[PDB]
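All remarks here apply to the structure that follows.
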Amino acid sequence: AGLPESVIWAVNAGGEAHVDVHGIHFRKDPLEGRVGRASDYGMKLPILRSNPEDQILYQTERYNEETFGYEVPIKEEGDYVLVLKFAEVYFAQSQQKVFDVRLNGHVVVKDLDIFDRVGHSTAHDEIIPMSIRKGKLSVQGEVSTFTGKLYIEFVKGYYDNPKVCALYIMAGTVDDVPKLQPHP
Ligand SMILES: OC[C@H]1O[C@H](O)[C@H](O)[C@@H](O)[C@@H]1O
């Protein structure tokens, strides 16, 4: 199946619905009023590297001073890819904001420092392939029992607060995923 048809679940964190240049519908945030804090602070800033019709995705966020996450129902077995979108709209030095990302307890991104990787007010995406088959989740070579729901967690450490800007899951493999342009 082609791209928009292959997307099973997608969220614009801290914001309203938005359809991107690829036809992907990022839904209004289901955690509004529930857990964490929404911020539109980035709406004052141009976002580098992102396509300009879609910068609203990176200008809105959900963050928190304690660990928080999203629960995702997955109906059918198959191969999937999770895409996580971020931007640093406040700090402009390394080791100011740093956090881990976990999937059903497995640490899939260790010590994420958005500024260190891309700079200030600039798009950064993480791309995480996975498989759900024979009652198991498989990610980065580790395997555990899958019950029907995936728990995506952003973990509080010592350096400022965990955050996320947007996220989506598509059926397919990594070669099917649109990539951001190369960046120094
Ligand atoms: O709202 C502006 C900023 O407030 C806090 O510093 C948050 O930890 C940060 O993620 C956010 O970008």
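Reckoned from all heavy atoms, side chains included, excluding hydrogens, waters and symmetry mates. The first residue of the sequence shown is numbered 1, and numbering continues consecutively from there. Ligands are counted one by one from 1 in listed order, and the atoms in each one are counted from 1 as well.
- Considering backbone and side-chain N/O atoms, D160 comes within less than 3.5 Å of an N/O atom of ligand 1.
- Polar contact with ligand 1: absent for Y63 (N/O pair, distance under 3.5 Å).
- Residue pairs meeting the ring pair (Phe, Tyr, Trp, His ring centres under 6.0 Å) criterion with at least one partner in residues 128-156, sequence neighbours excluded, are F68-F154.
- Using a 4.0 Å cut-off between charged side-chain N and carboxylate O, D29 and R62 make a salt bridge.
- Looking at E61 and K163, a side-chain N of the basic residue comes within less than 4.0 Å of a carboxylate O on the acidic one, giving a salt bridge.
- Regarding atom 1 (O) of ligand 1, its nearest protein heavy-atom neighbour is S39 OG, 2.9 Å.
- Between the NE2 atom of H18 and the NE2 atom of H25 there is a distance of 10.5 Å, given to the nearest 0.5 Å.
- Protein heavy atom closest to atom 9 (C) of ligand 1, with residue, atom name and distance, is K97 NZ, 3.6 Å.
- Interatomic distance, OG of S6 versus CD1 of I24, reported as 7.5 Å (0.5 Å rounding).
- Counting the atoms of ligand 1 from 1 in the order shown, those under 4.0 Å from a heavy atom of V89 are 12 (O).
- Note: no N/O pair closer than 3.5 Å links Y41 and ligand 1 by distance alone.
- The shortest heavy-atom distance from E88 to ligand 1 is not under 4.0 Å.
- In this structure, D79 and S131 approach most closely via the heavy-atom pair OD1-OG, 2.8 Å.
- Of all the atoms in ligand 1, the ones that sit under 4.0 Å from a non-hydrogen atom of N161 are 8 (O).
- Considering each of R37, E65, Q96, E61, the one bringing a non-hydrogen atom nearest atom 11 (C) of ligand 1 is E61.
- Annotation: side chain of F91 is not in contact with side chain of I114 (no heavy-atom distance under 4.5 Å).
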